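In what follows, a structure is listed as structure tokens, so that the remarks can point back to it.
Quick note: the coordinates plus some simple rules give every number you see, no bench work behind them. Note that each Cβ is placed from the backbone with ideal geometry, even for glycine, and that neighbours are counted across all protein chains shown.
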RNA sequence: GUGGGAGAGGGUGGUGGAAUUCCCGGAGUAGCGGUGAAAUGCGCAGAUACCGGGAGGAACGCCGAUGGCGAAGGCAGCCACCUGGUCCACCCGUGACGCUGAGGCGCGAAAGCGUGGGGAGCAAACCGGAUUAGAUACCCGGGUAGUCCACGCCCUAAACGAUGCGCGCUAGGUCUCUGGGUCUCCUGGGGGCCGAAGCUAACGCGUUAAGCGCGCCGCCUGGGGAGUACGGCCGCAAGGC
Ligand SMILES: [Mg+2]
Ligand SMILES: [Mg+2]
Ligand SMILES: [Mg+2]
Ligand SMILES: [Mg+2]
Ligand SMILES: [Mg+2]
Ligand SMILES: [Mg+2]
Ligand SMILES: [Mg+2]
Ligand SMILES: [Mg+2]
Ligand SMILES: [Mg+2]
Ligand SMILES: [Mg+2]
Ligand SMILES: [Mg+2]
Ligand SMILES: [Mg+2]
Ligand SMILES: [Mg+2]
Ligand SMILES: [Mg+2]
Ligand SMILES: [Mg+2]
Ligand SMILES: [Mg+2]
Ligand SMILES: [Mg+2]
Ligand SMILES: [Mg+2]
Ligand SMILES: [Mg+2]
Ligand SMILES: [Mg+2]
Ligand SMILES: [Mg+2]
Ligand SMILES: [Mg+2]
Ligand SMILES: [Mg+2]
Ligand SMILES: [Mg+2]
Ligand SMILES: [Mg+2]
Ligand SMILES: [Mg+2]
Ligand SMILES: [Mg+2]
Ligand SMILES: [Mg+2]
Ligand SMILES: [Mg+2]
Ligand SMILES: [Mg+2]
Ligand SMILES: [Mg+2]
Ligand SMILES: [Mg+2]
Ligand SMILES: [Mg+2]
Ligand SMILES: [Mg+2]
Ligand SMILES: [Mg+2]
Ligand SMILES: [Mg+2]
Ligand SMILES: [Mg+2]
Ligand SMILES: [Mg+2]
Ligand SMILES: [Mg+2]
Ligand SMILES: [Mg+2]
Ligand SMILES: [Mg+2]
Ligand SMILES: [Mg+2]
Ligand SMILES: [Mg+2]
């Protein structure tokens with residue numbers, strides 16, 4: 001079990017039923033791969049610096065987790081199956097290196 | 001037979017030749033011109049003068065469609081790139097913005113022996 | 001010329017999600033600025049590169065831009 | 001990999017007396033642990049050579065420690081071998 | 001052992017953007033391309049230039065260094081996993097357990113071979129264009145193997161620092177990467193440049209020795225003949241020792 005950050009960028013044009021559904025599916029996927037959720041940041045709609053999936057903007061969520069290492073890659077695969085999820089980036093957690101400090 | 005009046009002017013400049021394309025604001029070309037469009041044939045098509053005359057021909061053909069404003073998009077490097085921007089500015093078309101778009105790879109493809 | 005780091009507070013060089021800061025390390029174009037501009041140390045720079053590239057992958061930062069004037 | 005308590009369990013197991021982190025017995029034990037791990041990782045990744053060099057080196061070290069133990073106390077050697085499953 | 005650290009070190013899987021090519025669509029005419037100049041070539045079955053969409057392969061711009069890692073070959077997008085080496089601090093444990101290393105065994109750029117995939121760009125061979133006394137060559141248009149992946153061979157090289165490995169000893173100055181410290185600086189480990197003593201035929205080397213020493217391995221003995229012949233071993237072959 002290590003400490004990770006799961007980034008998910010999904011389609012901004014979803015309504016509430018839809019978004020809630022993709023989100024719940026994601027929850028289920030984490031629970032299935034044994035990922036405990038330490039904290040969550042959902043920043044939502046933001047303007048991408050380049051268009052992704054013909055959309056100028058995207059919807060952002062961030063999940064800090066602790067999960068089994070061996071499963072992590074697999075977890076990623078699952079999250080990508082959904083069409084509505086444009087980006088998935090899983091990152092091993094790091095301490096906040098500081099500069100001009 | 002259009003009445004466009006605002007749009008894009010693309011200047012594609014290589015060492016061999018210079019070509020200009022005047023287009024509508026959503027990207028579809030209206031008129032175009034090049035070194036060879038005006039009488040030049042060989043190496044002579046790469047001179048800055050050719051670029052001048054090509055910009056000017058293109059701007060004429062623009063006036064015929066009733067063009068006024070132009071956003072310039074510059075691609076490539078060759079002689080008379082700047083001469084084409086120049087001629088285009090003093091053409092009677094009033095330019096809005098000039099932009100260098102020259103495409104560069106992130107290193108995809110092997111070049112020909114001449115280019116390595 | 002005053003370096004990018006010179007105007008900034010204590011800031012995470014590891015935060016790929018923070019655009020408001022990271023933008024200042026890129027040129028007119030999309031390019032990651034040289035140390036001569038960013039004022040960073042070797043290690044600092046080396047981290048900032050990774051962070052930027054991560055953010056780029058996430059669409060939060062541009063891979064390339066276009067040059068005005070000219 | 002090999003984590004702290006995974007390793008400690010082995011050190012405790014093979015230590016001669018309390019607080020012995022350094023004895024020939026312990027060094028050999030640890031080396032063996034690493035070796036076996038590496039051998040498992042080389043059953044897959046048969047194409048990873050740079051690690052295989054490491055394997056050769058660790059194997060060498062172990063053989064040196066063993067030849068030394070066997071030279072000094074033969075009984076401790078036989079014991080160590082019986083426990084570990086070497087040779 | 002504990003506790004820290006930097007890293008294009010390696011293997012597997014996944015993913016991102018720029019560009020080239022091709023296919024689809026719109027818009028749009030008379031050329032484009034290319035050279036010292038040209039021509040072959042491509043374009044009215046609508047090219048080039050411009051916009052949108054799609055497919056596919058290969059390689060990762062800026063960061064990037066005069067930088068880093070590796071035993072060497074060599075290693076550069078990002079992510080995860082599996083894994084090698086190494087540096088520092090603490091002075092904690094073992095108690096000479098060390099160095100080197102004929103043979104052996106393994107790794108070994110590129111090209112090359114075998115079987116099967118893949119194939120965008122480049123491109124030996126080849127097919128053409130022009131230059132020029134001429135052409136098989138330098139320039140131009142095409143183009144197959146190959147370059148890419150899997151597995152199995154091949155074992156070469158300016159495989160270069162043209163400098164075997166290890167340890168101790170012998171002024172400094174300066175730039176730098178990476179640790180620790182009471183951080184003007186000091187101390188440890190790399191990478192460079194000048195230079196003490198000294199060495200060197202000279203050029204140069206000089207705490208990253210080509211100095212002063214010790215241990216062990218490899219190698220040399222005028223040029224050609226010749227890395228040829230014969231023989232042996234290895235290899236499917238090419239061919240290697
Ligand atoms: Mg021309
Ligand atoms: Mg690496
Ligand atoms: Mg790798
Ligand atoms: Mg078309
Ligand atoms: Mg013609
Ligand atoms: Mg024709
Ligand atoms: Mg396209
Ligand atoms: Mg195809
Ligand atoms: Mg560079
Ligand atoms: Mg280097
Ligand atoms: Mg080399
Ligand atoms: Mg490691
Ligand atoms: Mg002690
Ligand atoms: Mg004692
Ligand atoms: Mg040895
Ligand atoms: Mg011999
Ligand atoms: Mg040998
Ligand atoms: Mg080889
Ligand atoms: Mg090869
Ligand atoms: Mg052949
Ligand atoms: Mg083959
Ligand atoms: Mg050719
Ligand atoms: Mg001639
Ligand atoms: Mg001829
Ligand atoms: Mg020819
Ligand atoms: Mg070609
Ligand atoms: Mg010697
Ligand atoms: Mg120095
Ligand atoms: Mg220091
Ligand atoms: Mg310090
Ligand atoms: Mg030094
Ligand atoms: Mg002297
Ligand atoms: Mg001497
Ligand atoms: Mg002298
Ligand atoms: Mg010197
Ligand atoms: Mg020495
Ligand atoms: Mg000498
Ligand atoms: Mg002789
Ligand atoms: Mg002789
Ligand atoms: Mg030979
Ligand atoms: Mg023979
Ligand atoms: Mg035979
Ligand atoms: Mg030969």
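Points to keep in mind about this one:
- Using the Cβ-Cβ distance between residue D:46 and residue D:20 with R0 set to 35 Å, the FRET efficiency works out to roughly 0.40.
- When every Cα-Cα distance of chain A is counted in 10 angstrom steps from zero, the calculated P(r) takes the values 14, 46, 30, 9, 1 percent.
- Against the main long axis of the alpha-carbon atoms of chain D, helix D:49-72 sits at an angle near 10°.
- Rounded to the nearest 0.05, the FRET efficiency derived from the C-beta distance between residue D:39 and residue D:67 at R0 = 30 Å is 0.90.
- Modelled label positions at residue A:38 and residue C:2, each set 7 Å beyond Cα in the direction of Cβ, lie 3.7 nm from each other.
- Taking Cα atoms only, the orientation of helix D:24-43 departs from the longest principal axis of chain D by about 20 degrees.
- Modelled label positions at residue A:13 and residue A:91, each set 7 Å beyond Cα in the direction of Cβ, lie 2.8 nm from each other.
- Of the peptides C:10-20, B:75-85, D:3-13, the order by per-residue mean of other Cβ atoms within 10 Å, starting with the highest, comes out as B:75-85, C:10-20, D:3-13.
- Between segment A:1-47 and segment B:87-115, the alpha-carbon center distance in angstrom: 42 Å
- Stokes-Einstein D (µm²/s) once Rh is taken as the Kirkwood radius of chain B over alpha-carbon pairs, at 25 °C in 0.890 mPa s: 170 µm²/s
- Over chain A, DSSP H runs of length four or greater, each weighted -39,500 (n - 2.57), average out per residue to a 222 nm ellipticity of -9500 deg cm²/dmol.
- Taking the longest Cα principal axis of chain B as reference, the axis of helix B:48-64 is set at about 30 degrees.
- Across peptide C:56-68, the average count of Cβ atoms from other chains found within 10 Å of a residue's Cβ is 6.
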